Every structure is written in C-alpha cells, then in structure tokens.
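**Student:** Take this structure, written in structure tokens, and hold onto it; I'll ask about it next.
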Amino acid sequence: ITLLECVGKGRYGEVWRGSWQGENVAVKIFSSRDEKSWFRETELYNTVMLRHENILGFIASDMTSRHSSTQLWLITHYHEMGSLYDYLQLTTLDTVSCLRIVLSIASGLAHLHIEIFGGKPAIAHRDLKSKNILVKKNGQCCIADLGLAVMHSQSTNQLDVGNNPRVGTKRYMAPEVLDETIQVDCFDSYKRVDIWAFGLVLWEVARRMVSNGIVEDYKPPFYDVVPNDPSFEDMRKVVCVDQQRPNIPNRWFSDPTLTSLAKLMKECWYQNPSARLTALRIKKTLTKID
Amino acid sequence: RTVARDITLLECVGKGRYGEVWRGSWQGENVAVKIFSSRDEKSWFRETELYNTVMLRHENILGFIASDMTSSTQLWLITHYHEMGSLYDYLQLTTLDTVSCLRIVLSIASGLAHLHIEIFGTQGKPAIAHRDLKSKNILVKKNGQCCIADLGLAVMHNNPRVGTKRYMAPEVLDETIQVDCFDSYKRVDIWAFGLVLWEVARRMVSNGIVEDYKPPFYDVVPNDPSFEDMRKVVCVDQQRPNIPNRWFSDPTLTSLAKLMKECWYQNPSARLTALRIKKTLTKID
Ligand SMILES: COc1cc(-c2cncc(-c3ccc(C4CCN(C)CC4)cc3)c2C)cc(OC)c1OC
Ligand SMILES: COc1cc(-c2cncc(-c3ccc(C4CCN(C)CC4)cc3)c2C)cc(OC)c1OC
Ligand SMILES: COc1cc(-c2cncc(-c3ccc(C4CCN(C)CC4)cc3)c2C)cc(OC)c1OC
C-alpha cells in the first residue's frame with residue numbers, strides 16, 4: 001500500500017486515498033483515542049454476509065506494533081466522489097437522482113437492520129449521517145463506519161452492544177439519546193435511533209432537489225437553532241426542551257415527490273420511538289415514490 | 001509513504017484444530033505466523049482485543065508484531081519467532097543442569113507474574129489470567145529464558161474453546177470454580193504452572209540420573225484424556241504427579257518439589273502466588 005492523498009482528518013484519526021495492486025483503496029488510520037471503534041468495525045466486517053452494494057466494501061483490517069507504538073488500519077473500497085455531505089455542498093438533484101440516493105440509503109439500512117438466518121445478525125449503526133454515506137459512480141450510496149454498531153440475534157436472544165465509550169454525532173442524536181432515557185438493553189431502541197438520523201439525512205438530501213426552479217442551500221440538521229460546533233446540551237435544548245424538528249420549506253408542497261418525502265421524514269421524527277417507521281417500510285415507500 | 005506488508009511463508013512448524021503456525025520472513029527477519037481456522041476465530045478476536053487494550057511488552061511474553069484480518073475472512077497473528085520451539089518440544093531432546101532448569105522456571109514465573117499483576121497508569125496494564133498454560137504454550141528463546149504464548153483464552157480483570165483438560169485445576173474439573181472472581185483464574189494458572197515445573201524438573205540431571213520426558217498424569221490417564229478421566233484422578237482420588245526419590249538427594253530438586261506441592265493444593269486460595277514463586281526461585285542455589 002502507497003498512501004497518496006489525505007481525504008479526511010479529525011479526532012478519530014485520518015483517512016487516506018491509497019494505491020494497492022494499481023487500484024485506489026481507502027485507508028483509515030485510527031487514533032489510539034478511538035481504538036475501540038477499530039476493533040468494533042473489525043468484529044462487524046468479520047460477517048461475510050454483511051457484504052452489500054449499499055455498505056462500504058471491506059478489504060482488510062490490521063493492528064501492527066513495535067515497542068509501545070500501535071498502528072490501527074482499516075482498508076476499504078475508495079469512492080472518489082466522497083461522502084454525501086461533500087456531494088450535496090455543490091450539486092443539486094433532480095427527482096430521479098434524489099430518489100436513487102435516498103432509496104439506496106434505505107436499502108443499506110434495511111439490510112443492516114434485518115437478521116439473516118443460516119448469515120448476519122441484525123445490526124443498528126448508531127452514527128448515521130451524511131458524512132458516513134459515500135456516493136458511488138452509479139448514483140447509489142453506501143453506508144460506512146460500523147465502529148458504534150450494536151448486533152442482535154433473535155435466534156439466541158443475544159444483544160451485543162460492544163465496548164465503546166464513543167457516542168453518536170451530536171447533531172443527529174434522537175431525543176431519547178439526548179435526554180439519556182433510551183432503553184440500553186433493547187435492540188429495537190437502537191434501530192429507532194437510526195431511523196431518526198435517516199430522517200435528518202432525507203431532509204438534507206431533499207433540500208438539494210430542485211422543484212419549480214427553486215432549491216435550498218446545503219445546511220446540516222438544526223443549522224439555524226444551535227451554536228456552531230453544538231454541545232450535547234445545545235442539541236438537547238432544541239430537540240428535547242424546544243421540541244424542534246427541521247423545517248419543511250413551503251415550496252416542497254408544490255411538488256408531489258417532496259410532499260411525499262416530507263411525510264416520510266415526519267414519520268421518522270416522532271418523539272415516541274415506537275411510532276417511527278421501520279427501515280423496511282421506508283424502503284418499500286421509496287420503491288413506490290415517483 | 002509506501003507500507004510494505006510482504007510476509008513470505010517459508011515452512012509450517014505446527015498444525016492442529018486451532019489452525020497452523022508458519023515460520024515466515026518479514027523485511028529479512030524470521031516471524032511466526034498463526035493462521036486461524038474459522039472454528040477458532042474467537043481465539044484471534046480475544047488475543048487481538050487484549051493487545052488493542054494493552055500492548056504487552058515483556059521478555060517472558062511472546063512478542064506481538066501484528067494481527068491481520070483479510071477478506072471468507074482470513075485471520076493471522078504475527079509474532080516473534082523462537083527457532084528452539086516450545087518447551088514441550090525442547091524437553092524431549094535435551095536434559096538440563098541446575099542453572100538452565102532454574103533459568104527456565106524463573107523466566108516462566110516472571111512472565112506469569114507480569115500477566116497476573118495490575119499496574120496503574122497510562123503506562124500500566126489490567127491483571128490478566130492465561131487460562132491455558134502448558135509446556136506447548138511456552139517457547140524457548142536462544143538466551144535460555146522462556147516466553148509464554150497464546151492469549152486466546154486469556155481474561156483481563158475463547159468462547160467454545162476451554163483449557164487443555166490434562167492441565168485443568170480441580171475446581172475446573174468439579175465445576176466449583178467461582179466464575180465471577182478474577183483471583184480464581186489466577187489460581188487455575190498456578191495449578192498449571194506447578195505441572196509445567198514438574199515436567200521441567202524431571203529433565204534436570206542429578207547424580208547422573210534423569211527422568212524421561214512425560215506429560216503430567218501420563219501414568220494415570222489415556223492420551224486425550226476425557227473431562228471425567230481427569231476429574232476422577234484430580235478431584236475424586238486427589239492424585240498429584242509423582243516426586244521421584246532421586247530428587248530428595250538434590251537441593252535444587254528438593255526445593256522445586258516443595259514449590260510444586262504449594263501449587264497443587266485442593267483449596268485454590270492456599271496456592272502460592274506467581275510473585276511468591278519468583279521470590280522462592282531467586283533464593284534456590
Ligand atoms: C511491527 O513490526 C515492525 C515494524 C517496523 C517498522 C517499519 N516501518 C515503520 C515503523 C515505525 C517508524 C516510526 C514510528 C514512530 C516514530 C516516533 N513517533 C513520531 C511515532 C511514530 C513508529 C513505527 C516501524 C516500527 C520495523 C520492524 O522491525 C524491522 C518490525 O518488526 C518485525
Ligand atoms: C465515513 O467513513 C469512512 C469513509 C471512507 C472513504 C471511502 N471512500 C472515499 C472517502 C472520501 C474520499 C474523498 C473525499 C473528498 C471530499 C471533498 N474534498 C474537499 C476532500 C475529500 C471524501 C471522502 C472516504 C472518506 C473510508 C473509511 O475507512 C477506510 C471510512 O471509515 C469506515
Ligand atoms: C504456542 O503458540 C504460538 C507459538 C508460536 C511459535 C513461535 N516461535 C516458534 C514456534 C515453533 C517453531 C519451530 C518449532 C519446531 C518445528 C521445526 N523443527 C526445526 C523443530 C522446531 C516449534 C515451534 C512457534 C509455534 C507462534 C504463535 O503465534 C504466531 C503461537 O500462538 C500464539
């Protein structure tokens with residue numbers, strides 16, 4: 001592997017565009033601060049039946065050490081168009097491209113959430129957001145970063161919540177995460193947190209779909225109501241105390257597709273987690289829209 | 001930067017149900033490569049999770065180089081390579097003198113005490129119990145010291161895998177072990193250590209005499225002894241390995257026999273600690 005170009009740097013570590021046997025690959029180099037995400041992602045990618053067109057493709061994971069220095073690498077497919085967050089900054093969507101994106105995300109999420117016997121455990125992501133979705137050259141997306149994932153099997157009644165003090169991205173946390181009332185030993189609780197975050201992603205995408213010559217600028221969820229670099233408490237205030245949800249631009253109600261998407265995202269945002277749609281129902285609804 | 005991950009596999013040095021171990025070459029140096037069967041993936045996951053928690057570095061612990069998952073899934077553990085092989089291998093083709101026998105057993109005690117001890121701080125470690133100590137899980141280094149290998153069953157203060165039945169302590173065989181008490185697992189390691197000390201002491205020459213290499217309980221259980229075979233010997237009959245008369249003519253072997261007795265008490269809380277074993281060994285000879 002030759003590391004060519006740094007494509008991301010934060011507290012998790014860095015991601016590099018790398019060359020391997022002539023092909024681009026993505027190399028995530030973890031900080032020791034996030035070593036538990038490296039191990040969790042490795043446990044999740046050990047599932048051969050995780051493999052799916054809308055899940056970021058695994059190549060290898062390695063821990064290498066000499067003396068007191070440890071290197072933690074995750075190597076995946078490389079998507080040169082980058083994340084959905086990057087794509088939406090500068091590009092607008094037509095109806096077909098908007099539905100293709102959101103159906104591909106629903107398809108990946110339903111794949112994660114549903115157990116296959118024989119297989120793959122049921123999986124909840126816990127950090128779904130537009131920076132954790134990659135855009136592929138076919139116009140479908142794939143879901144990335146399983147470092148916070150929770151696994152469940154109904155066949156053995158086993159829940160595996162892993163060992164990771166990391167929490168989800170604050171801007172996308174559901175009300176029950178922000179108020180810390182979430183039932184921690186309930187697998188359905190985790191799926192419902194993913195559905196809340198999916199609704200926010202739907203909103204980010206729909207804003208960029210043109211209708212009647214109008215589009216909204218890219219904004220992240222709750223851009224207008226919290227400080228820059230919002231705290232956990234900043235998010236709790238708007239989501240839990242103020243009962244805020246992302247505003248639906250009135251121009252959407254002129255367009256059948258955006259009217260349907262607004263209905264879908266509202267059914268992701270109930271404060272009652274058990275009222276929210278399932279990923280399978282979202283996928284079926286998006287298979288029927290326009 | 002170009003990261004070279006070119007490992008060449010040269011010769012297979014071990015093959016079991018676990019998988020295989022190869023002598024390999026990495027940047028001109030010998031490394032050992034363990035290739036796991038999918039049947040024993042939990043052992044790779046446990047050892048990897050442990051090393052991702054605490055990067056153990058100790059002269060008497062097999063040196064960690066890398067843990068690799070490649071996409072079925074292939075799971076590889078890469079360590080230092082010890083050309084003299086396992087203590088089990090080594091004791092079949094050599095006898096020992098007083099100095100080499102003590103250096104072997106004190107190095108094992110040193111590795112085990114390092115596993116067992118909690119050290120506070122950024123630079124520290126959780127306490128660890130091995131749970132499968134035996135002569136095949138100890139390697140002989142060129143300098144005459146040993147190192148402990150295989151943390152697949154280790155616990156920090158796997159899965160279908162259980163300890164090697166020949167070396168199981170009485171409380172494991174009678175299922176009385178207090179499973180939520182970390183000290184219980186240390187005491188299981190001390191039992192197994194005592195058996196290893198017996199295996200090594202047999203091969204130490206005194207007055208021109210040596211015993212043949214044998215595994216513990218060779219005279220009272222079959223090959224691949226069952227759980228019931230072991231329970232009847234160790235729990236019901238309370239048998240222990242034989243101390244030959246000739247040891248009692250040798251001050252070193254007399255001291256070693258006393259030490260192994262203090263590793264084999266039926267009551268696990270009566271057994272010596274690894275630290276107390278080290279101290280005793282430093283005062284022999
Ligand atoms: C695991 O295995 C082996 C690896 C290597 C090896 C090869 N390339 C680069 C490195 C390296 C360089 C520099 C740092 C540090 C420098 C100080 N600070 C800034 C943090 C980072 C870390 C690591 C290494 C250690 C050599 C070995 O020996 C020949 C190994 O053993 C077989
Ligand atoms: C989310 O998580 C993971 C993602 C990836 C990954 C895979 N393909 C492509 C990328 C990418 C490439 C390029 C850009 C551009 C965007 C715009 N521009 C201003 C600079 C950079 C962004 C992103 C990434 C980040 C790999 C990972 O692991 C190896 C991930 O972690 C699991
Ligand atoms: C117990 O466990 C592990 C052990 C090892 C390991 C490390 N050095 C050397 C060896 C070895 C080499 C050579 C022989 C024999 C064969 C050839 N003939 C010339 C006689 C000598 C035996 C043994 C091993 C098996 C590595 C492991 O992992 C990578 C182990 O698992 C954690």
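In the structure tokens, each chain is lettered A, B, ... as it comes, each chain's residues begin at 1, and ligands are numbered from 1 in order of appearance.
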Show me which residues are within 12 Å of ligand 1 counting only C-alpha atoms and all ligand atoms, and format the list as a PyMOL selection string.

**Tutor:** (chain A and resi 31-32+62-72) or (chain B and resi 1-7+24-33+55+63-68+77-81)

**Student:** As a PyMOL selection string, could you give me every residue of chain A near chain B (at most 12 Å apart, counting only C-alpha atoms)?

**Tutor:** chain A and resi 1-6+16-20+27+30-51+57-77+162-164

**Student:** For C-alpha atoms, I'd like the residues from the last selection saved as a compact mmCIF listing (two decimals), in the first residue's frame.

**Tutor:**
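Saved the output as selection-v8.txt:
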```txt
# COMPACT_ATOMS: atom_id res chain seq x y z
CA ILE A 1 0.00 0.00 0.00
CA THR A 2 1.21 3.52 -1.01
CA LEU A 3 -0.57 6.41 0.83
CA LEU A 4 -1.18 9.18 -1.79
CA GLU A 5 -3.66 11.82 -0.52
CA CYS A 6 -5.21 12.59 2.90
CA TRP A 16 -6.09 8.33 3.02
CA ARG A 17 -6.55 7.55 -0.62
CA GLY A 18 -4.01 4.74 -1.11
CA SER A 19 -2.74 2.65 -4.06
CA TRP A 20 -2.83 -1.22 -3.78
CA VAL A 27 -7.04 3.60 4.41
CA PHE A 30 -7.23 5.34 13.85
CA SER A 31 -6.05 7.50 16.77
CA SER A 32 -5.34 5.45 19.98
CA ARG A 33 -8.19 7.64 21.38
CA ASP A 34 -10.60 5.65 19.06
CA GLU A 35 -9.00 2.17 19.27
CA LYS A 36 -12.39 0.64 20.39
CA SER A 37 -14.01 1.77 17.08
CA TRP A 38 -11.22 -0.01 15.11
CA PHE A 39 -11.90 -3.28 16.96
CA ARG A 40 -15.71 -2.95 16.67
CA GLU A 41 -15.51 -2.28 12.89
CA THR A 42 -13.23 -5.37 12.62
CA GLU A 43 -15.79 -7.54 14.52
CA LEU A 44 -18.62 -6.24 12.22
CA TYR A 45 -16.70 -6.83 8.94
CA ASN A 46 -15.89 -10.41 10.04
CA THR A 47 -19.56 -11.13 8.90
CA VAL A 48 -19.16 -12.35 5.23
CA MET A 49 -22.97 -11.74 4.65
CA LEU A 50 -22.64 -8.05 5.72
CA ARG A 51 -21.33 -7.54 2.07
CA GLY A 57 -16.80 -2.72 0.96
CA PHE A 58 -14.18 -4.22 3.32
CA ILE A 59 -10.66 -5.21 2.16
CA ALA A 60 -8.55 -5.65 5.37
CA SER A 61 -8.00 -4.59 8.99
CA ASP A 62 -4.63 -4.70 10.78
CA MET A 63 -3.08 -3.87 14.15
CA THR A 64 0.76 -3.53 13.91
CA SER A 65 3.02 -2.76 16.88
CA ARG A 66 6.67 -2.37 17.87
CA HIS A 67 7.67 -1.30 21.39
CA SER A 68 4.88 0.95 22.77
CA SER A 69 3.66 2.23 19.31
CA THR A 70 0.46 0.65 17.77
CA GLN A 71 -0.87 1.36 14.21
CA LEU A 72 -4.58 0.54 13.56
CA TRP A 73 -5.60 0.40 9.84
CA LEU A 74 -8.97 -0.30 8.20
CA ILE A 75 -8.75 -0.69 4.38
CA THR A 76 -11.94 -0.37 2.28
CA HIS A 77 -13.15 0.43 -1.21
CA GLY A 162 -19.78 -3.84 22.33
CA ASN A 163 -17.41 -1.80 24.49
CA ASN A 164 -17.04 1.72 23.10
```

**Student:** Could you tell me how far atom CA of residue 145 of chain A sits from atom CA of residue 130 of chain A, in Å to one decimal place?

**Tutor:**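 Atom CA of residue 130 of chain A sits 11.6 Å away from atom CA of residue 145 of chain A.
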
**Student:** Please identify every polymer residue within 7 Å of ligand 3, using only C-alpha atoms and all ligand atoms, and present the set as an NGL selection string.

**Tutor:** :B and (13-14 or 21 or 23 or 32-34 or 77-86 or 89 or 136-139 or 149-151)

**Student:** For N, CA, C and O atoms, I'd like the residues from the last selection saved as a short mmCIF file (atom, residue, chain, number, x, y, z; two decimals), in the first residue's frame.

**Tutor:**
```
data_model
loop_
_atom_site.label_atom_id
_atom_site.label_comp_id
_atom_site.auth_asym_id
_atom_site.auth_seq_id
_atom_site.Cartn_x
_atom_site.Cartn_y
_atom_site.Cartn_z
N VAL B 13 5.45 -25.02 10.98
CA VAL B 13 6.11 -25.54 12.20
C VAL B 13 5.06 -26.08 13.17
O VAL B 13 5.47 -26.56 14.26
N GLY B 14 3.80 -26.12 12.77
CA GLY B 14 2.74 -26.61 13.68
C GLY B 14 1.41 -26.64 12.99
O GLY B 14 1.15 -25.73 12.23
N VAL B 21 0.79 -22.91 12.40
CA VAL B 21 1.84 -21.89 12.60
C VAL B 21 2.97 -22.11 11.58
O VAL B 21 3.41 -23.27 11.40
N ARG B 23 6.78 -20.60 10.11
CA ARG B 23 7.96 -19.71 10.01
C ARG B 23 7.82 -18.91 8.71
O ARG B 23 7.64 -19.52 7.62
N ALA B 32 6.80 -15.53 13.24
CA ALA B 32 5.87 -16.68 13.31
C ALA B 32 4.49 -16.19 12.90
O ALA B 32 4.06 -15.14 13.42
N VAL B 33 3.82 -16.95 12.04
CA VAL B 33 2.51 -16.57 11.52
C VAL B 33 1.53 -17.66 11.91
O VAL B 33 1.71 -18.83 11.49
N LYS B 34 0.57 -17.31 12.74
CA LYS B 34 -0.52 -18.24 13.10
C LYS B 34 -1.71 -17.93 12.23
O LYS B 34 -2.22 -16.79 12.27
N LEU B 77 -2.19 -14.06 13.13
CA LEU B 77 -1.48 -13.42 14.26
C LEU B 77 0.00 -13.56 13.95
O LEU B 77 0.42 -14.67 13.61
N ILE B 78 0.76 -12.47 14.03
CA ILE B 78 2.20 -12.47 13.67
C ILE B 78 2.99 -12.09 14.89
O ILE B 78 2.65 -11.07 15.55
N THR B 79 3.95 -12.93 15.27
CA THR B 79 4.76 -12.72 16.49
C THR B 79 6.24 -12.94 16.20
O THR B 79 6.63 -13.40 15.10
N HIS B 80 7.05 -12.64 17.19
CA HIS B 80 8.45 -13.12 17.25
C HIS B 80 8.49 -14.62 16.95
O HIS B 80 7.52 -15.38 17.26
N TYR B 81 9.60 -15.03 16.36
CA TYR B 81 9.86 -16.44 16.02
C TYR B 81 10.99 -16.96 16.91
O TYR B 81 12.10 -16.38 16.93
N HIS B 82 10.71 -18.05 17.61
CA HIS B 82 11.69 -18.70 18.51
C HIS B 82 12.08 -20.07 17.93
O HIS B 82 11.32 -21.05 18.02
N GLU B 83 13.28 -20.11 17.35
CA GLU B 83 13.67 -21.27 16.50
C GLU B 83 13.80 -22.54 17.34
O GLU B 83 13.67 -23.66 16.78
N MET B 84 14.04 -22.44 18.64
CA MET B 84 14.21 -23.64 19.51
C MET B 84 12.85 -24.32 19.75
O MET B 84 12.80 -25.42 20.30
N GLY B 85 11.75 -23.65 19.42
CA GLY B 85 10.40 -24.21 19.53
C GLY B 85 9.83 -24.18 20.95
O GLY B 85 10.26 -23.35 21.80
N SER B 86 8.81 -24.98 21.20
CA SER B 86 8.11 -24.96 22.51
C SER B 86 8.92 -25.72 23.55
O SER B 86 9.75 -26.56 23.20
N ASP B 89 8.55 -29.41 23.06
CA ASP B 89 9.50 -29.87 22.00
C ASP B 89 10.89 -30.04 22.64
O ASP B 89 11.48 -31.13 22.55
N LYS B 136 3.41 -26.74 25.82
CA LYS B 136 3.26 -26.41 24.37
C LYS B 136 2.97 -24.91 24.16
O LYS B 136 3.16 -24.44 23.04
N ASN B 137 2.59 -24.17 25.20
CA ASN B 137 2.27 -22.72 25.11
C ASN B 137 3.39 -21.89 25.73
O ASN B 137 3.17 -20.72 26.09
N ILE B 138 4.57 -22.49 25.82
CA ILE B 138 5.78 -21.79 26.29
C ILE B 138 6.85 -22.01 25.24
O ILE B 138 7.02 -23.17 24.83
N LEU B 139 7.52 -20.95 24.80
CA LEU B 139 8.61 -21.07 23.80
C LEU B 139 9.96 -20.88 24.49
O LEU B 139 10.05 -20.11 25.47
N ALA B 149 3.07 -17.96 25.51
CA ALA B 149 2.36 -17.76 24.23
C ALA B 149 0.86 -18.11 24.37
O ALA B 149 0.50 -18.90 25.28
N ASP B 150 0.05 -17.59 23.46
CA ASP B 150 -1.37 -17.96 23.23
C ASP B 150 -2.25 -17.35 24.30
O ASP B 150 -2.51 -17.99 25.34
N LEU B 151 -2.74 -16.14 24.03
CA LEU B 151 -3.67 -15.44 24.94
C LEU B 151 -5.10 -15.54 24.40
O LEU B 151 -5.94 -14.75 24.81
#
```

**Student:** Which residues come within 6 Å of residue 14 of chain A, counting only C-alpha atoms, excluding same-chain residues fewer than 6 positions away, as a ChimeraX atom specification?

**Tutor:** /A:8,28-29

**Student:** Since we have the selection now, will you write its residues out, keeping N, CA, C and O atoms, as a tab-separated table (two decimals), in the first residue's frame?

**Tutor:**
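result_37.tsv, freshly written:
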```
chain	number	residue	atom	x	y	z
A	8	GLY	N	-9.30	13.05	4.74
A	8	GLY	CA	-10.02	13.36	5.99
A	8	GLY	C	-9.11	13.31	7.19
A	8	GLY	O	-8.20	12.43	7.25
A	28	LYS	N	-8.15	3.97	6.55
A	28	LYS	CA	-8.44	4.72	7.78
A	28	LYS	C	-7.42	4.34	8.84
A	28	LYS	O	-7.28	3.14	9.17
A	29	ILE	N	-6.73	5.36	9.35
A	29	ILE	CA	-5.66	5.19	10.37
A	29	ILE	C	-6.25	5.75	11.64
A	29	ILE	O	-6.55	6.95	11.68
```

**Student:** How would you write, as a ChimeraX atom specification, the set of residues in segment 8-218 of chain B that DSSP gives as alpha helix (DSSP H)?

**Tutor:** /B:41-53,87-92,98-116,170-173,182-201

**Student:** Compile the contact shell of segment 99-102 of chain B as a PyMOL selection string: residues with an atom at most 10 Å away, counting only C-alpha atoms, same-chain residues fewer than 2 positions apart removed.

**Tutor:** chain B and resi 95-97+104-108+144-145+197+200-205+252-253+256+281-282+284-285

**Student:** Write out as a ChimeraX atom specification which residues come within 9 Å of residue 176 of chain A when counting only C-alpha atoms, dropping same-chain ones fewer than 3 positions away.

**Tutor:** /A:173,179-183,189,193,240,271-273

**Student:** Got a sec: who's within 12 Å of residue 174 of chain A, counting only C-alpha atoms, leaving out chain neighbours fewer than 5 positions off, as a PyMOL selection string?

**Tutor:** chain A and resi 126-128+167-169+179-182+189-200+221+232+235-236+238-240+243-245+268-273+276

**Student:** Grab the atom CA of residue 84 of chain A to atom CA of residue 250 of chain A distance for me, in Å with one decimal place.

**Tutor:** 24.1 Å

**Student:** Could you work out how far atom CA of residue 207 of chain B lies from atom CA of residue 94 of chain B, giving the answer in Å with one decimal?

**Tutor:**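 Between atom CA of residue 94 of chain B and atom CA of residue 207 of chain B the gap works out to 16.7 Å.
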
**Student:** Can you tell me, as a PyMOL selection string, what residues are no more than 12 Å from residue 288 of chain A when counting only C-alpha atoms, ignoring any on the same chain fewer than 2 positions away?

**Tutor:** chain A and resi 99-100+103+257+260-261+281-286+290

**Student:** Quick one: of A:213, A:220, A:147, A:227, who's nearest to ligand 2, counting only C-alpha atoms and all ligand atoms?

**Tutor:** A:147

**Student:** My list of candidates is A:219, A:9, A:208, A:171. Which is closest to ligand 2 when distances are computed with only C-alpha atoms and all ligand atoms?

**Tutor:**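 The shortest atom-to-atom distance to ligand 2 comes from A:9.
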
**Student:** From a backbone DSSP assignment, name each residue in segment 23-163 of chain A labelled strand (DSSP E), as a VMD selection string.

**Tutor:** chain A and resid 23 to 30 58 to 66 69 to 76 122 to 124 133 to 135 141 to 143 150 to 153 158 to 160
